[PDB]
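Only one chain is included here, represented as structure tokens and corresponding to the form solved without 6-carboxylysine.
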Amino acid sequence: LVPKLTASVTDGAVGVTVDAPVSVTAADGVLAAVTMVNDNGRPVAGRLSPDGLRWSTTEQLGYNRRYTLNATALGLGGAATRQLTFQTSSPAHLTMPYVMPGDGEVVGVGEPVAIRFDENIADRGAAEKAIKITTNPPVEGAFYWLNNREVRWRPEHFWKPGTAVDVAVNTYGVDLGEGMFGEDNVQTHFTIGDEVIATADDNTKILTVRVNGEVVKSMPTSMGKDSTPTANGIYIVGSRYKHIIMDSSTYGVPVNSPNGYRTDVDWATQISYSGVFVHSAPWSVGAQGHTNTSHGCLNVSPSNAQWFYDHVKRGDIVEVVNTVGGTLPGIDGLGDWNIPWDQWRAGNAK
């Protein structure tokens, strides 16, 4: 018999996707020579298996390239040589994904997996299919989009402490719609730590912190006054700051207006994208535990705010109850758990 060559691409193909390697296989013989080059003549790196049967590229292949593959197979019964030229995808736009939380981080039981693209995603389904989430112990979860750029993945309930979470965003070479392709792959891995849930009850004006179900801190607080109340519901802890100037314009409200403010504060823990923080409030210690005076923030004492900074971490939970406000929006940024599971699981890929 005469050796047979089989490649993963066909001569004259166009729109060849660069999400996978290019390969060539010999049957009834072995591969004696395999080379691939770009349109400038520069060689593409590859590897031939020890048995001589299978060659594959080993580096990232480029968008908008014309590659030429030359292969020869030799066997007892003869020789075959093939030359194949093909063109890879040519994107209209590129989008880079950014994943949170950080690689190697230990996070609380409320932390969703977040993939944020730097451009609007036309094909949300293609984006979801390209994101591989591994959990150990395994748990069911699902994707939901907060806006046109950001998608989240979480389970039905808060995570179990000790769970490993691996996130592979395999978007390089993937058409995310209207010719927007992934700029690159991204990968993160995190772990869930202890269960920490802090409850602010407007009936008592106390912020109680529980760690694995035990009360460890009871903080008198002053939440949003009646005209600018703090919303009820489940908030995920985000960033923390030793000090920060809180600027209402950051959150939609001009400083100079009736509910605007610009205020330098210490020991600030962010709990909503709408600009709710737990923070130090020396001016309101008299009202804390008694009356609501703020713009929405959970005002506590300097030592309590510092304690919160030190002992609460990204992905821990604050639950507000019994205020005169509404409910925090599910799509706030840190309001994900306010979306009922049936609705979340259904998704919004479109």
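Here the rigid core means the biggest group of C-alpha atoms that line up within 1.5 Å when the two forms are laid on top of each other. Residue numbers here begin at 1 and follow the sequence given.
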*After a core fit, does 251-259 or 158-166 show the bigger CA gap to the shown form in 7 other deposited structures of this protein?*
251-259
*Core-superposed in 7 other deposited structures of this protein, which stretch deviates more in Cα positions, 120-128 or 242-250?*
242-250
_As a check of understanding, is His93 unmodelled in at least a third of the other compared entries that model its flanking residues?_
no
*Output yes if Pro138 is unmodelled in at least a third of the other compared entries of this protein, no if it is modelled in all of them.*
no
*Should the higher mean CA B-factor in the entry be assigned to 14-22 or to 326-334?*
14-22
*Between 307-315 and 42-50, name whichever shows the higher mean Cα B factor according to the PDB entry.*
42-50
*Out of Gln187, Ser280, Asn232, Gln270, which residue has the highest Cα temperature factor in the PDB record?*
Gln187
*Deposited CA B-factor, highest of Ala71, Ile133, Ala114, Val253*: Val253
*Third of the chain's Cα B-factor distribution that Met36 belongs to, per the entry*: middle
*Classify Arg240 as lowest, middle or highest third according to the C-alpha B-factor given in the PDB entry, relative to its own chain.*
lowest
*Once the chain's modelled residues are ordered by C-alpha B factor and cut into thirds, is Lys205 in the lowest, middle or highest one?*
highest
*Place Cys297 in the lowest, middle or highest third of its chain's C-alpha B-factors, as listed in the PDB entry.*
lowest
*Among all modelled residues of this chain, ranked by Cα B factor, put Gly260 in the bottom, middle or top third, i.e. lowest, middle or highest.*
highest
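This next part talks about the form solved in complex with 6-carboxylysine, which is not shown.
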*Look at the candidate spot formed by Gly110, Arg152 and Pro155 and say whether 6-carboxylysine comes within 4.5 Å of a heavy atom in all three of them in the entry with it bound.*
no
*asked:* Can you work out which of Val196, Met219, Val276, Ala127 has a heavy atom no more than 4.5 Å from 6-carboxylysine in the entry with it bound?
replied: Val276
*Of the options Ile133, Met246, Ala114, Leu94, which one has a non-hydrogen atom that comes within 4.5 Å of 6-carboxylysine in the entry with it bound?*
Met246
*asked:* I'd like to know if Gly296 sits close to 6-carboxylysine in the entry with it bound, meaning any non-hydrogen atom pair within 4.5 angstroms.
replied: yes
*asked:* My question is simply whether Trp145 lines the interface with 6-carboxylysine in the entry with it bound - judged by any non-hydrogen atom within 4.5 Å.
replied: no
_With a cut-off of 4.5 Å between heavy atoms, is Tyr172 one of the residues that contacts 6-carboxylysine in the entry with it bound?_
no
*Should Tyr261 be classed as touching 6-carboxylysine in the entry with it bound when contacts are defined as heavy atoms within 4.5 Å?*
yes
_Contact stretch among 158-166, 133-141, 276-284, 196-204 - heavy atom within 4.5 Å of 6-carboxylysine in the entry with it bound_ = 276-284
